[PDB]
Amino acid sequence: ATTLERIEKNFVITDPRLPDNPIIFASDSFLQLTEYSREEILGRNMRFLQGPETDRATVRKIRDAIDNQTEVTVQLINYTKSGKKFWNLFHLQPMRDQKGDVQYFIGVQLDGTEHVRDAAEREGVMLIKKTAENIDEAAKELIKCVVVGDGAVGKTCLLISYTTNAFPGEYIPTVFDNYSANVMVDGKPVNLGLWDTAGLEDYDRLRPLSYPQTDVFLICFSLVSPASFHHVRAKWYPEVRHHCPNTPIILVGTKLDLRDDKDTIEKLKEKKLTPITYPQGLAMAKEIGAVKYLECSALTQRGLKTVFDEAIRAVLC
């Protein structure tokens, strides 16, 4: 099996365990075909491709196949971001884990300007079905990394900084969201899927939908919020272990850039607090049996690449 980025076809992978079956991977060709950015697609349901002339009866066949966890192939009109119409010969199929449970849906698009029939149709179907099988094999190697921790500790910024090299402005709390990265490890490409989650306690009942089949967890806390730090021990570590007793945990200290920041130190001082020190983070890591303690700053990117490199290594090496 190859890796996912080496499959030059239109396709996406969704996670049906999460609310509304969001896209967790999209190929470059798909993004090109549809004119969306990866940022606009991941974390969302693909229904946005549908439009005025889309046959809603055909859409129901898709919904029905998904609900029954079976494969289906149909042709329907879809639309690009700019409203450009195209015909979509679409194949969907479940990817199952060892215990035969559905883990993902794979979806393959073969685009054209017409509704193909007879021989052309038959050829089209055999083609996308073969592609689907290739994806299934490649997807078995997708590494699942789940990112948890208090609200506002910087889980999302960390993911955006790493995958886009930009830093976000406004703080927007997360429900669920997904990111992907292709990372060189020891000279070989690795596909890394990142599951962003909600820090707020009112999401305690939803959050664990992300947990099954997780390869490595990032438990995050802010180096300049001691409360987020103690919650590592009191909340996140127990929650993670409760669902995933054997999954490796990497402890991540965030906002490294603020630990030596004048104004931040002063504000903490006014609260009768001080920043979390490396030895303190290390000690927490040891206490919860984390395989690595790592500090980083989404803003400056210091220690950022190392976080995801080590995430992968905790799984593969």
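Residue numbers here begin at 1 and follow the sequence given.
Trainee: Mean Cα B factor from the PDB record: higher for 211-219, or higher for 71-79?
Mentor: The stretch with the larger mean CA B-factor is 71-79.
Trainee: If you take the mean CA temperature factor per stretch, which one wins between 251-259 and 27-35?
Mentor: Result: 27-35.
Trainee: Which one of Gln109, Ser225, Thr113, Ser180 shows the top CA temperature factor in the record?
Mentor: Spelled out: the listed residue with the top C-alpha B-factor is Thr113.
Trainee: In this PDB entry, which of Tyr162, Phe176, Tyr237, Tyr171 has the top CA B-factor?
Mentor: So the option with the highest C-alpha B-factor is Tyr171.
Trainee: Rank-wise, by C-alpha B-factor, drop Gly43 into the lowest, middle or highest third of its chain.
Mentor: Lowest third, going by the recorded CA B-factors of the chain.
Trainee: Give the position of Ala314 by CA B-factor within its chain, expressed as the lowest, middle or highest third.
Mentor: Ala314: CA B-factor falls in the middle third of its chain.
Trainee: Which third of the chain does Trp87 land in by C-alpha B-factor: lowest, middle or highest?
Mentor: As the PDB entry reports it, the C-alpha B-factor of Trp87 lands in the middle third of its chain.
Trainee: Looking at the C-alpha B-factor of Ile288, is it in the lowest, middle or highest third of its chain?
Mentor: Tercile = highest for this residue's CA B-factor.
Trainee: Comparing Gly154 with the other modelled residues of its chain, is its CA B-factor in the lowest, middle or highest third?
Mentor: Bottom third by C-alpha B-factor.
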